[PDB]
Every structure is written in C-alpha cells, then in structure tokens.
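Novice: Handing over entry-v5.cif, mmCIF, C-alpha atoms and all ligand atoms.
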```
data_upload
#
loop_
_atom_site.label_atom_id
_atom_site.label_comp_id
_atom_site.auth_asym_id
_atom_site.auth_seq_id
_atom_site.Cartn_x
_atom_site.Cartn_y
_atom_site.Cartn_z
CA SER A 1 35.50 -17.97 -7.31
CA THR A 2 32.82 -20.61 -7.71
CA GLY A 3 31.59 -23.04 -10.34
CA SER A 4 28.29 -24.83 -10.94
CA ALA A 5 27.62 -27.54 -13.52
CA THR A 6 24.72 -29.85 -14.21
CA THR A 7 25.37 -33.58 -14.11
CA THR A 8 23.16 -35.93 -16.15
CA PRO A 9 22.57 -39.70 -15.92
CA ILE A 10 24.03 -41.56 -18.90
CA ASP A 11 21.09 -43.95 -19.16
CA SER A 12 17.71 -44.89 -17.70
CA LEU A 13 19.32 -46.77 -14.78
CA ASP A 14 21.56 -43.94 -13.52
CA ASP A 15 24.57 -46.18 -14.25
CA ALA A 16 26.80 -43.08 -14.13
CA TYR A 17 26.56 -39.31 -14.47
CA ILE A 18 28.30 -37.03 -16.97
CA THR A 19 29.18 -33.38 -16.56
CA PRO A 20 30.36 -31.10 -19.39
CA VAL A 21 33.95 -29.82 -19.01
CA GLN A 22 35.72 -27.26 -21.18
CA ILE A 23 39.34 -28.13 -22.05
CA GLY A 24 41.75 -26.03 -24.06
CA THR A 25 41.61 -22.93 -26.23
CA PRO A 26 39.28 -22.65 -28.05
CA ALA A 27 37.24 -24.79 -25.67
CA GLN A 28 36.76 -28.46 -26.42
CA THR A 29 33.77 -29.68 -24.41
CA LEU A 30 33.95 -33.27 -23.19
CA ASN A 31 31.43 -35.05 -20.97
CA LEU A 32 33.33 -36.43 -17.99
CA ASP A 33 32.43 -38.80 -15.17
CA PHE A 34 33.17 -36.87 -11.97
CA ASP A 35 34.72 -39.45 -9.68
CA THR A 36 35.24 -38.81 -5.97
CA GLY A 37 36.90 -42.25 -5.77
CA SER A 38 39.92 -41.45 -7.96
CA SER A 39 42.33 -38.58 -8.63
CA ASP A 40 43.14 -38.53 -12.35
CA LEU A 41 41.54 -36.28 -14.96
CA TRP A 42 41.84 -38.39 -18.10
CA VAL A 43 40.22 -38.11 -21.50
CA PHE A 44 39.69 -39.90 -24.75
CA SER A 45 41.97 -38.10 -27.19
CA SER A 46 43.52 -37.94 -30.63
CA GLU A 47 46.17 -40.29 -29.14
CA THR A 48 43.73 -43.04 -28.11
CA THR A 49 44.15 -46.32 -30.00
CA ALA A 50 41.60 -46.01 -32.80
CA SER A 51 40.02 -49.44 -32.29
CA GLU A 52 39.32 -48.47 -28.66
CA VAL A 53 37.30 -45.35 -29.52
CA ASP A 54 33.53 -45.88 -30.16
CA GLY A 55 31.46 -42.70 -30.28
CA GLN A 56 33.29 -40.68 -27.61
CA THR A 57 34.25 -37.05 -28.10
CA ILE A 58 38.02 -36.70 -28.09
CA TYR A 59 40.41 -34.04 -26.85
CA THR A 60 42.89 -32.98 -29.53
CA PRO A 61 45.75 -31.14 -27.85
CA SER A 62 47.27 -30.03 -31.17
CA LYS A 63 44.15 -27.88 -31.69
CA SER A 64 44.52 -26.12 -28.32
CA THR A 65 46.74 -23.05 -28.21
CA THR A 66 47.16 -23.48 -24.44
CA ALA A 67 48.06 -27.21 -24.43
CA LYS A 68 51.61 -28.16 -23.49
CA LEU A 69 53.08 -31.65 -23.34
CA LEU A 70 54.15 -32.49 -19.79
CA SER A 71 57.38 -33.97 -21.02
CA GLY A 72 58.21 -37.46 -19.78
CA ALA A 73 55.02 -37.87 -17.75
CA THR A 74 52.90 -41.01 -18.06
CA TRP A 75 49.91 -42.39 -16.19
CA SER A 76 48.22 -45.72 -15.69
CA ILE A 77 45.19 -46.46 -13.56
CA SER A 78 42.95 -49.36 -12.66
CA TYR A 79 39.60 -49.18 -10.92
CA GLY A 80 37.84 -51.56 -8.54
CA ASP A 81 35.66 -53.02 -11.29
CA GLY A 82 38.72 -54.10 -13.26
CA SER A 83 38.58 -51.23 -15.76
CA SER A 84 41.80 -49.44 -16.71
CA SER A 85 43.39 -46.77 -18.88
CA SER A 86 46.84 -45.25 -19.49
CA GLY A 87 48.71 -42.70 -21.55
CA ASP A 88 50.69 -39.46 -21.45
CA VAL A 89 49.98 -35.98 -20.09
CA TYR A 90 49.36 -32.41 -21.21
CA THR A 91 48.70 -29.31 -19.17
CA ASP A 92 45.87 -27.10 -20.39
CA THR A 93 43.12 -24.79 -19.25
CA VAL A 94 40.11 -26.62 -17.79
CA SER A 95 36.80 -25.06 -16.83
CA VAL A 96 33.85 -26.58 -14.99
CA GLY A 97 30.65 -24.62 -14.71
CA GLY A 98 32.44 -21.28 -15.03
CA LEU A 99 35.37 -22.13 -12.71
CA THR A 100 38.71 -22.11 -14.52
CA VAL A 101 42.02 -23.76 -13.65
CA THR A 102 45.06 -22.98 -15.76
CA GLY A 103 47.86 -25.54 -16.00
CA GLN A 104 45.63 -28.50 -15.11
CA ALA A 105 47.09 -31.93 -15.87
CA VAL A 106 44.94 -33.47 -18.60
CA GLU A 107 45.86 -37.13 -18.95
CA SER A 108 45.51 -38.23 -22.57
CA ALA A 109 44.57 -41.88 -23.00
CA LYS A 110 46.60 -44.02 -25.37
CA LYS A 111 44.80 -47.16 -24.17
CA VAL A 112 41.47 -47.81 -22.46
CA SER A 113 39.79 -51.05 -21.38
CA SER A 114 36.70 -52.37 -23.09
CA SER A 115 34.32 -51.03 -20.42
CA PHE A 116 35.34 -47.48 -21.35
CA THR A 117 35.15 -48.12 -25.10
CA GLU A 118 31.62 -49.49 -24.67
CA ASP A 119 30.45 -46.45 -22.68
CA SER A 120 29.91 -44.12 -25.67
CA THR A 121 28.56 -41.38 -23.39
CA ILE A 122 31.66 -41.06 -21.15
CA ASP A 123 34.51 -39.06 -22.68
CA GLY A 124 36.79 -39.48 -19.64
CA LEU A 125 36.94 -39.13 -15.86
CA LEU A 126 37.53 -36.16 -13.59
CA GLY A 127 38.96 -37.35 -10.29
CA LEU A 128 37.92 -35.64 -7.07
CA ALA A 129 39.59 -37.83 -4.43
CA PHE A 130 42.84 -36.67 -2.78
CA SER A 131 45.81 -35.85 -5.01
CA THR A 132 47.93 -38.44 -3.21
CA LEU A 133 46.11 -41.04 -5.36
CA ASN A 134 47.03 -39.41 -8.66
CA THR A 135 48.88 -41.87 -10.92
CA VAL A 136 51.08 -39.53 -12.98
CA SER A 137 54.75 -40.50 -12.92
CA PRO A 138 57.42 -39.35 -12.21
CA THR A 139 55.79 -36.12 -10.99
CA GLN A 140 52.41 -36.66 -9.32
CA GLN A 141 49.75 -34.15 -10.36
CA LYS A 142 46.95 -32.34 -8.54
CA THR A 143 43.24 -32.78 -9.08
CA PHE A 144 41.07 -30.05 -10.53
CA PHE A 145 39.65 -29.41 -7.04
CA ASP A 146 43.08 -29.28 -5.41
CA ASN A 147 44.24 -26.75 -8.05
CA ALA A 148 41.08 -24.64 -7.68
CA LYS A 149 40.92 -24.74 -3.89
CA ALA A 150 42.86 -21.63 -2.93
CA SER A 151 40.80 -19.51 -5.35
CA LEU A 152 37.43 -20.85 -4.23
CA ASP A 153 35.23 -18.79 -1.92
CA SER A 154 35.20 -21.85 0.38
CA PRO A 155 37.36 -24.98 -0.05
CA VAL A 156 34.44 -27.32 -0.82
CA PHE A 157 32.52 -28.99 -3.57
CA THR A 158 29.07 -30.54 -3.39
CA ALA A 159 27.41 -33.46 -5.17
CA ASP A 160 23.65 -33.36 -5.69
CA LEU A 161 22.91 -36.36 -7.88
CA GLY A 162 19.42 -36.94 -9.23
CA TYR A 163 17.33 -40.09 -9.29
CA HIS A 164 16.50 -40.62 -12.96
CA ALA A 165 17.07 -36.87 -13.38
CA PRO A 166 19.84 -34.30 -13.70
CA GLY A 167 21.62 -32.91 -10.68
CA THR A 168 24.43 -30.53 -9.82
CA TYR A 169 28.11 -30.30 -8.89
CA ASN A 170 28.99 -27.00 -7.21
CA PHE A 171 32.49 -25.76 -6.41
CA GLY A 172 33.28 -23.19 -3.75
CA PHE A 173 29.87 -22.72 -2.13
CA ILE A 174 27.04 -24.56 -0.41
CA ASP A 175 23.61 -23.94 -2.00
CA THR A 176 21.37 -23.70 1.04
CA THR A 177 18.28 -24.03 -1.21
CA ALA A 178 19.33 -27.49 -2.43
CA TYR A 179 18.59 -29.52 0.72
CA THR A 180 16.10 -29.83 3.56
CA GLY A 181 16.88 -29.66 7.26
CA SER A 182 20.52 -29.40 8.33
CA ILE A 183 23.78 -30.80 7.00
CA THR A 184 25.43 -33.31 9.35
CA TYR A 185 29.20 -33.36 9.09
CA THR A 186 31.32 -36.41 9.85
CA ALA A 187 35.06 -37.03 10.06
CA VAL A 188 37.13 -38.12 7.06
CA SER A 189 40.30 -40.18 6.94
CA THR A 190 42.58 -39.28 4.05
CA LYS A 191 45.09 -42.03 4.87
CA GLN A 192 44.16 -44.11 1.82
CA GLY A 193 43.52 -41.06 -0.40
CA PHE A 194 39.72 -41.43 -0.41
CA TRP A 195 36.80 -39.58 1.12
CA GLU A 196 36.67 -42.30 3.77
CA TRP A 197 34.22 -41.99 6.65
CA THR A 198 32.30 -44.14 9.15
CA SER A 199 28.54 -44.55 8.98
CA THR A 200 26.85 -45.05 12.35
CA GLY A 201 24.49 -47.82 11.24
CA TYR A 202 21.49 -48.78 9.17
CA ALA A 203 17.86 -49.76 9.00
CA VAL A 204 15.88 -51.80 6.50
CA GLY A 205 12.47 -50.39 5.59
CA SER A 206 10.49 -49.44 8.69
CA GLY A 207 12.70 -51.66 10.85
CA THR A 208 14.67 -50.67 13.91
CA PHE A 209 17.98 -48.89 13.42
CA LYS A 210 21.08 -51.01 14.05
CA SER A 211 23.92 -48.99 15.57
CA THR A 212 27.12 -50.30 14.03
CA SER A 213 30.21 -48.63 12.58
CA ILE A 214 30.56 -49.06 8.82
CA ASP A 215 33.77 -47.62 7.35
CA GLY A 216 33.50 -46.79 3.67
CA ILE A 217 34.24 -44.33 0.88
CA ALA A 218 31.98 -41.75 -0.75
CA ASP A 219 32.45 -42.62 -4.45
CA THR A 220 30.42 -40.81 -7.10
CA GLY A 221 32.14 -43.00 -9.70
CA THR A 222 30.64 -46.24 -8.36
CA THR A 223 27.05 -46.98 -9.36
CA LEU A 224 25.87 -49.15 -6.46
CA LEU A 225 25.99 -49.33 -2.67
CA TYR A 226 28.48 -51.98 -1.48
CA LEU A 227 28.20 -52.92 2.20
CA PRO A 228 29.19 -55.81 4.49
CA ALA A 229 27.62 -59.16 3.73
CA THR A 230 25.75 -59.16 7.05
CA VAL A 231 24.04 -55.85 6.25
CA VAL A 232 23.25 -56.80 2.67
CA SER A 233 21.77 -60.16 3.71
CA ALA A 234 19.54 -58.40 6.25
CA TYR A 235 18.26 -56.09 3.49
CA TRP A 236 17.52 -58.74 0.87
CA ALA A 237 15.91 -61.07 3.43
CA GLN A 238 13.03 -58.58 3.44
CA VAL A 239 12.36 -59.09 -0.29
CA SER A 240 10.43 -62.26 -1.19
CA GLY A 241 12.35 -64.37 -3.66
CA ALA A 242 15.56 -62.35 -3.49
CA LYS A 243 18.77 -64.35 -3.60
CA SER A 244 22.46 -64.05 -4.30
CA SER A 245 23.29 -65.45 -7.72
CA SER A 246 26.88 -66.47 -8.41
CA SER A 247 26.02 -66.75 -12.12
CA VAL A 248 24.75 -63.16 -12.32
CA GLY A 249 27.30 -61.76 -9.85
CA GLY A 250 25.18 -60.52 -6.96
CA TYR A 251 21.76 -60.23 -5.42
CA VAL A 252 18.79 -60.44 -7.75
CA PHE A 253 15.11 -60.16 -6.95
CA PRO A 254 11.80 -60.79 -8.71
CA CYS A 255 10.91 -57.81 -10.84
CA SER A 256 7.37 -58.06 -9.34
CA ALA A 257 8.70 -57.05 -5.90
CA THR A 258 8.28 -53.77 -4.11
CA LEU A 259 11.64 -52.94 -2.51
CA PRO A 260 11.97 -51.57 1.01
CA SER A 261 13.92 -48.42 1.71
CA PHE A 262 17.40 -48.53 3.23
CA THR A 263 18.55 -46.02 5.87
CA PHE A 264 22.17 -45.21 6.68
CA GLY A 265 23.46 -43.23 9.63
CA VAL A 266 25.56 -40.09 9.51
CA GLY A 267 26.33 -39.30 13.13
CA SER A 268 22.93 -38.98 14.80
CA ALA A 269 21.29 -38.15 11.44
CA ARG A 270 19.70 -40.56 8.97
CA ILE A 271 19.63 -40.66 5.16
CA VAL A 272 16.82 -42.71 3.64
CA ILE A 273 17.34 -44.38 0.26
CA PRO A 274 13.89 -45.07 -1.26
CA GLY A 275 13.29 -48.63 -2.41
CA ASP A 276 12.96 -47.51 -6.03
CA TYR A 277 16.59 -46.32 -5.99
CA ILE A 278 17.67 -49.92 -5.31
CA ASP A 279 16.08 -51.29 -8.51
CA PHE A 280 18.55 -51.75 -11.39
CA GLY A 281 16.07 -53.53 -13.63
CA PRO A 282 16.12 -56.79 -15.58
CA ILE A 283 19.41 -58.66 -15.57
CA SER A 284 19.00 -59.04 -19.34
CA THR A 285 16.34 -57.62 -21.67
CA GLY A 286 12.97 -59.25 -21.03
CA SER A 287 14.04 -61.05 -17.85
CA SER A 288 11.79 -61.11 -14.78
CA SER A 289 14.88 -61.23 -12.55
CA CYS A 290 16.04 -57.78 -11.54
CA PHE A 291 19.47 -56.68 -10.32
CA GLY A 292 19.80 -55.19 -6.85
CA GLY A 293 21.35 -51.82 -6.05
CA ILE A 294 22.74 -52.93 -2.69
CA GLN A 295 25.46 -55.56 -3.00
CA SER A 296 28.10 -57.15 -0.81
CA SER A 297 31.50 -55.51 -0.50
CA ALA A 298 33.11 -58.83 0.43
CA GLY A 299 36.05 -59.32 -1.91
CA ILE A 300 36.34 -55.61 -2.63
CA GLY A 301 38.20 -54.84 0.58
CA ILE A 302 36.26 -51.64 1.27
CA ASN A 303 32.63 -50.55 1.62
CA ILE A 304 31.53 -48.12 -1.08
CA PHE A 305 28.82 -45.50 -0.74
CA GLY A 306 28.25 -45.16 -4.46
CA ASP A 307 25.57 -43.35 -6.41
CA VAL A 308 22.66 -45.37 -4.98
CA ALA A 309 23.47 -43.89 -1.57
CA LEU A 310 24.81 -40.49 -2.55
CA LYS A 311 21.88 -39.57 -4.77
CA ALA A 312 19.58 -39.81 -1.75
CA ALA A 313 21.49 -36.89 -0.18
CA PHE A 314 23.02 -33.49 -0.70
CA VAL A 315 26.70 -34.24 -0.06
CA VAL A 316 29.40 -31.76 0.93
CA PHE A 317 33.01 -32.66 0.24
CA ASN A 318 34.80 -30.27 2.60
CA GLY A 319 38.46 -29.90 1.60
CA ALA A 320 39.51 -27.63 4.45
CA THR A 321 42.79 -28.37 6.23
CA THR A 322 40.95 -31.07 8.16
CA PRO A 323 38.57 -32.52 5.57
CA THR A 324 35.05 -33.62 6.47
CA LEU A 325 31.94 -34.92 4.67
CA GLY A 326 28.47 -33.47 5.10
CA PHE A 327 25.13 -35.14 4.34
CA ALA A 328 21.66 -33.60 4.21
CA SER A 329 18.32 -34.96 3.12
CA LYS A 330 16.76 -33.30 0.08
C1 LIG B 401 33.82 -48.03 -16.71
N1 LIG B 401 33.65 -46.76 -16.03
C2 LIG B 401 32.92 -45.71 -16.73
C3 LIG B 401 34.10 -46.57 -14.73
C4 LIG B 401 33.92 -45.35 -14.08
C5 LIG B 401 34.33 -45.18 -12.77
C6 LIG B 401 34.93 -46.22 -12.06
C7 LIG B 401 35.28 -46.11 -10.61
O1 LIG B 401 35.48 -47.10 -9.92
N2 LIG B 401 35.34 -44.88 -10.09
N3 LIG B 401 35.64 -44.68 -8.72
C8 LIG B 401 35.13 -47.43 -12.72
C9 LIG B 401 34.73 -47.60 -14.04
#
```
Give the structure from this file in structure tokens form.
Ligand SMILES: CN(C)c1ccc(C(=O)NN)cc1

Specialist:
Amino acid sequence: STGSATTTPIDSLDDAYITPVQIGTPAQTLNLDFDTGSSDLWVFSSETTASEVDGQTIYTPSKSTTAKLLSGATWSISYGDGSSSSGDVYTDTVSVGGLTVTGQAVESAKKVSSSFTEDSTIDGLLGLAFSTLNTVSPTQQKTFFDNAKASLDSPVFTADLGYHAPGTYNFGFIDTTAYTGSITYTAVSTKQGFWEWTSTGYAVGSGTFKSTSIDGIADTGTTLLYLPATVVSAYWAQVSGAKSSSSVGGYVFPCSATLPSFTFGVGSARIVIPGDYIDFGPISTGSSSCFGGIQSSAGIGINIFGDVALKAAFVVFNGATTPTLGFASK
C-alpha cells in the first residue's frame, strides 16, 4: 500500500503545515500537524475543555461506529516550546492520503495549552518519530507510520514541504519526480526516539564550507532551524544590523536586509537554504525589526533541523530495520 497527502502552510510565514486526516466511520476529517519530532496522534475532541477550543474541528468518537475506548489509557505530552496537552484514548480507523490503518490509537485531548487553543488551524498532531516516545500509559501505543509499515510497499515516508506553498507527505514510496539529483542517505540514531542524525557542516552565503559534526533531529513540527551558538553567530554576523535580542527572544535583523543563504552538509552532499526562507517577518505588526529563521539551540539541549531546513529538501524518513534519513535538493 501507499498514501499521498498534500500539506499546506497554516499562514503566510510557514509557521506550521497541516495535512487532512480521516478519522472514524463515517470519516471525520481533521487537519493535523505531522510531527516527526513526537510520537502521539492527538486531536481536539468532544472531550476537550470547552474554554480551550477556539475554531478547531473536533473529533467526536460517539459519532464513529468504529471508535472504541482504550479502557484505562491516558496520555500527557509536553513539547520543547513549553506547549502541552493530555487526555484519554480511543482506537479508530485513520486514513492519510488513501492509506488506512485500523485500530490506530487516537488520543483525545481533555486539556490543551494556550498555544494550541490559539492555533485555530491545527486540529491536532500526528506524530512520526519512533513509537518509543509515545506517551500513552500504561500501554504505550504505536504511531500511524509504525502501524502502517508492514503493509507499505517500502517502509518509508517522505516530507516535501513547500516554501510559502503546499507540499506533500508520501507513505510507502519515493517519488523520483519530486527532487533533483540524487538522495544522500545518512545514519540515524534512535536512542532518544527521534530521527537524530549528524550533519557534516555548514556554509554561510558564498562562504567556505566548515567541516564540523552537528548532531540534531529532523523535526517537521518545529518551525525554525536551531543550531549551536557558534554557527548561528557566524550566520548573523553576515547581516548588517542583526543582533540577538533578549527582549524578543532571539536574533532579529533589519527588515531592509537581504539575507544570505545557509548551507548544511549531508555526508558529502549539500543542501542550500535560500536567504528568503530565513525571514520570519516583523517581530510585531508594522515593526522594521524582523525575526530570524536560524536561532541558537543553546538551552534547548539539542539541535533541531526544523521546517526552515527541511523545506529546502526532499527528505526520506527510512524506517527499515536500520533507519536512515535521506536528503535531496529540489
Ligand atoms: C503549538 N504547536 C502547534 C506545536 C506544534 C509542534 C510542536 C513540536 O515541538 N513538535 N515537535 C510544538 C508546538
């Protein structure tokens, strides 16, 4: 089997991407944030505290003939940005882009943090990291990908995120028309439950490439690119007037600037992030200070190749017995 679904930016900044997902019978379509940095499929639901729902589409398990309470199971998750959610669990039929899993754990939110309430366009998350990170207790549950894997033509999914445009998540096949050149594969560590890999270095603009190992995670659920302070300082030093602002919470730059590109290494290959991808616009409406798309990972504890990086590439998440990541230019 295979599946293919279009993923769409939620706003003009590509702050996140949503992908339609069919849950239950008859189908209830919710727009979920596919998240390769977590392993829970959770949704706004008829059980979510009313004051914490603001425009989202909800899953109502009582209207699904295939929903079953997973008796006694609860979940609770918190993300690196400080967001969180929690609730109980149903199993139901879930389909993505024509690919169907029966008996998928669908985690129904009773509570969500304000960040989720405020994101009217995001009806929940669909985790695509390793199932060892799943938060359901007392019986840990498998991700949609993990459940689908044995049925897939190939045990892979791909992320092809657009810059200010829709893109695609494919399951079970590699679309050889979706990228240029060749895909370079690199080793993954699953020890922390993430798609964790080691970049071989970086360059700023037309500058020389610096060979240096940068461990990090491929996280479609993080907006920005978070790298070591040394690397990030070297980037922003090439932008006149750029500075780190403790008041704003990161590097800002004059909105009159033209940003240089940023290159990261994948083995002997190189992925170039155009300067435009690094512009996250005015810090507040009407401001001439703009927020940068490359920020320090210091005080996160891990480097994060978020959407800013991933959208510059066609990315293969290879879930074979020994997982690997592949990157191609596009
Ligand atoms: C507030 N929202 C929509 C979030 C979405 C995703 C994440 C995240 O860290 N995913 N790996 C955090 C927050």

Novice: Give as a ChimeraX atom specification the residues surrounding ligand LIG 401 (chain B) up to a distance of 10 Å, considering only C-alpha atoms and all ligand atoms.

Specialist: /A:15-18,32-39,78-85,112-129,194,217-223,304,306

Novice: Which of these residues is nearest to residue 255 of chain A, using only C-alpha atoms: A:103, A:241, A:207, A:172?

Specialist: A:241

Novice: So, with only C-alpha atoms as the atoms that count, which of A:268, A:93, A:132, A:31 lies closest to residue 182 of chain A?

Specialist: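 Ranked by minimum distance to residue 182 of chain A, first place goes to A:268.
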
Novice: Which neighbours of segment 280-293 of chain A fall inside 9 Å, counting all atoms listed in the file, when residues of the same chain fewer than 6 positions from it are skipped, and could you give them as a ChimeraX atom specification?

Specialist: /A:13-15,223-226,236,242,248,250-256,308

Novice: So the first atom is atom CA of residue 163 of chain A and the second is atom CA of residue 238 of chain A; what is the distance between them in Å, to one decimal place?

Specialist: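 Result for atom CA of residue 163 of chain A versus atom CA of residue 238 of chain A: 22.9 Å, one decimal.
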
Novice: Of the residues A:229, A:53, A:30, A:266, which is the one nearest to residue 297 of chain A, using all atoms listed in the file?

Specialist: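 Under the stated criterion, the closest residue is A:229.
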
Novice: One decimal, in Å: what's the spacing between atom CA of residue 301 of chain A and atom CA of residue 205 of chain A?

Specialist: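 So the two atoms, atom CA of residue 301 of chain A and atom CA of residue 205 of chain A, lie 26.6 Å apart.
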
Novice: Which one is closest to residue 149 of chain A: A:178, A:133, A:101, A:58? Count only C-alpha atoms.

Specialist: A:101

Novice: Between A:246, A:168, A:261, A:2, which has the minimum distance to residue 20 of chain A (counting all atoms listed in the file)?

Specialist: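 Selected residue with least distance to residue 20 of chain A: A:168.
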
Novice: In Å, with one decimal, what is the gap from atom CA of residue 267 of chain A to atom CA of residue 184 of chain A?

Specialist: 7.1 Å

Novice: So, with only C-alpha atoms as the atoms that count, which of A:70, A:271, A:94, A:99 lies closest to residue 200 of chain A?

Specialist: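 Smallest separation from residue 200 of chain A among the options: A:271.
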
Novice: Quick one: residues within 12 Å of residue 150 of chain A, only C-alpha atoms, excluding same-chain residues fewer than 2 positions away - as a list in words?

Specialist: residues 1, 2, 101, 144, 145, 146, 147, 148, 152, 153, 154, 155, 156, 171, 172, 319, 320 and 321 of chain A

Novice: Go ahead and dump the residues you just picked, C-alpha atoms, as a PDB file, in the coordinates of the input.

Specialist:
```pdb
ATOM      1  CA  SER A   1      35.500 -17.970  -7.310  1.00  0.00           C
ATOM      2  CA  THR A   2      32.820 -20.610  -7.710  1.00  0.00           C
ATOM      3  CA  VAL A 101      42.020 -23.760 -13.650  1.00  0.00           C
ATOM      4  CA  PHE A 144      41.070 -30.050 -10.530  1.00  0.00           C
ATOM      5  CA  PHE A 145      39.650 -29.410  -7.040  1.00  0.00           C
ATOM      6  CA  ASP A 146      43.080 -29.280  -5.410  1.00  0.00           C
ATOM      7  CA  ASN A 147      44.240 -26.750  -8.050  1.00  0.00           C
ATOM      8  CA  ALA A 148      41.080 -24.640  -7.680  1.00  0.00           C
ATOM      9  CA  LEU A 152      37.430 -20.850  -4.230  1.00  0.00           C
ATOM     10  CA  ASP A 153      35.230 -18.790  -1.920  1.00  0.00           C
ATOM     11  CA  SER A 154      35.200 -21.850   0.380  1.00  0.00           C
ATOM     12  CA  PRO A 155      37.360 -24.980  -0.050  1.00  0.00           C
ATOM     13  CA  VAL A 156      34.440 -27.320  -0.820  1.00  0.00           C
ATOM     14  CA  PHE A 171      32.490 -25.760  -6.410  1.00  0.00           C
ATOM     15  CA  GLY A 172      33.280 -23.190  -3.750  1.00  0.00           C
ATOM     16  CA  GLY A 319      38.460 -29.900   1.600  1.00  0.00           C
ATOM     17  CA  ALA A 320      39.510 -27.630   4.450  1.00  0.00           C
ATOM     18  CA  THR A 321      42.790 -28.370   6.230  1.00  0.00           C
TER      19      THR A 321
END
```

Novice: If we count only C-alpha atoms and set the cut-off at 7 Å, which residues sit around segment 96-98 of chain A, ignoring sequence neighbours fewer than 6 positions away in its own chain? Please answer as a list in words.

Specialist: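 In the requested format, the answer is residues 3, 4, 5, 21 and 22 of chain A.
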